[PDB]
């Protein structure tokens, strides 16, 4: 289990990564080594089409189910406009953020939403935070996004998980599992859920894996985490980054089963 994960490829052989490496796009990547594949990267309309974001879709035909995601990095100060453009273009209603802005004195994410009652403007979108409600492990916010060119409004639910430790992984998986079940509760139809952490591969991969395992468990279907991970990595490289993360995922999967 914890040995074949380490043997598994990080990037799918043959899959080109070219746009992410273009000189004009380099400072739009948070981490120089975490890049979207050309084939699954999200495209922006405009003269510069690039964001470090990937479409990641998890098919479970044995449940007549497809769970769509957009996996992305924490936006940078100069990529917030693009982040909100993706949210707008895809009319996404749920953003899941798996980090605090800083962890052990290191920046992980730019604050791309306002603290109420402030507002922000990014790429011609006005953002207002209508509500902010905390639980022990996470914060739920309702965002009103206004396209300043058209006056059109869109409501977006923003979930931020704040309890992940600055080192390693949660000692007790309960709160994270509750969070994933809340995310599942808000998922719509075949509408992607935007998920990000700092690079959009580690905690993001853990989340996608656990939602997938929960869907499988619910319909009494077999769960092979190494398959689930490979499937994600064919769509965004390096997802589920560390053995500690993979080990965490596995034990959690056995908990939900046994509980």
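Numbering follows the first chain given and starts at 1.
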>> Regarding 172 to 180 and 144 to 152, which shows the higher C-alpha temperature factor on average in the entry?
In response: 172 to 180
>> Quick check: 181 to 189 versus 105 to 113, which has the larger average CA B-factor in the record?
In response: 181 to 189
> Is the Cα B-factor recorded for residue 118 in the lowest, middle or highest third of its chain?
Replying inline: highest
> With respect to C-alpha B-factor, does residue 239 fall in the lowest, middle or highest third of the chain as deposited?
Replying inline: middle
> Taking the C-alpha B-factors as the PDB entry records them, is residue 20 in the lowest, middle or highest third of its chain?
Replying inline: lowest
> Split the chain's modelled residues into thirds by Cα B-factor; is residue 136 in the lowest, middle or highest one?
Replying inline: middle
> So where's residue 29 on the chain's Cα temperature factor ranking, which third?
Replying inline: lowest
